[PDB]
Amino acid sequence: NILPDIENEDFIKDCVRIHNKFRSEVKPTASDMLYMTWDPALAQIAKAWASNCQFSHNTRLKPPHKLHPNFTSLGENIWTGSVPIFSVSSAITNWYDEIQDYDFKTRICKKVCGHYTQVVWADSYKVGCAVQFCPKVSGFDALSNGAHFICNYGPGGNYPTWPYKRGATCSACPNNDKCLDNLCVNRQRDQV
């Protein structure tokens, strides 16, 4: 298990593909789920924060900070665990599986659900991730020599509302956006 660098093409494909797989398969269906693409600037941001090896959120995701020239606010998911166990698939799946504690009807979360909601946040269409090797991670004293994985999201989600608008798939995309695997695509947005 070697931890990939932020420009590793397989790492990039995994992060994007697996985010989109969960976003495509949501239940209830989403009417407005945007297709998610890689953003190298978001990946650099994740890399810088991840190198701090702290189990807490980047402090500069919101005004008056602005880490990314094109987003007012950024979103963030963090996964921290052992090196052997780490993979893009397991980390993101771990975030998504918080759905078990989420009741879509009422938005009631029984535990921790904010990673799941950011994974499937309709309006978020750019992602960038990084993993760091961390001898110790602050806030997580139990852990030794772990993998510390952070994705940043543009624009940020986790407003006090449903992560997407439930409805017939792709029935409420922006403009005249086409649909690909239950996601709203758009040549302009999706350019990397």
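All residue numbers are counted from 1 along the displayed sequence.
Just going by the entry, 135-143 versus 158-166 on mean CA temperature factor gives the higher value to 135-143.
In this crystal structure, the stretch out of 105-113 and 77-85 whose C-alpha atoms carry the higher mean B factor is 105-113.
In this PDB entry, the Cα temperature factor of residue 40 sits in the middle third of its chain's modelled residues.
Annotation for residue 182: C-alpha temperature factor in the middle third relative to the rest of the modelled chain, per the entry.
Residue 190: CA B factor in the highest third of modelled residues in this chain (values from the PDB entry). Among the modelled residues of its chain, residue 72 has a C-alpha B-factor that falls in the highest third according to the deposited record. The deposited CA B-factor of residue 58 belongs to the middle third of values across its chain.
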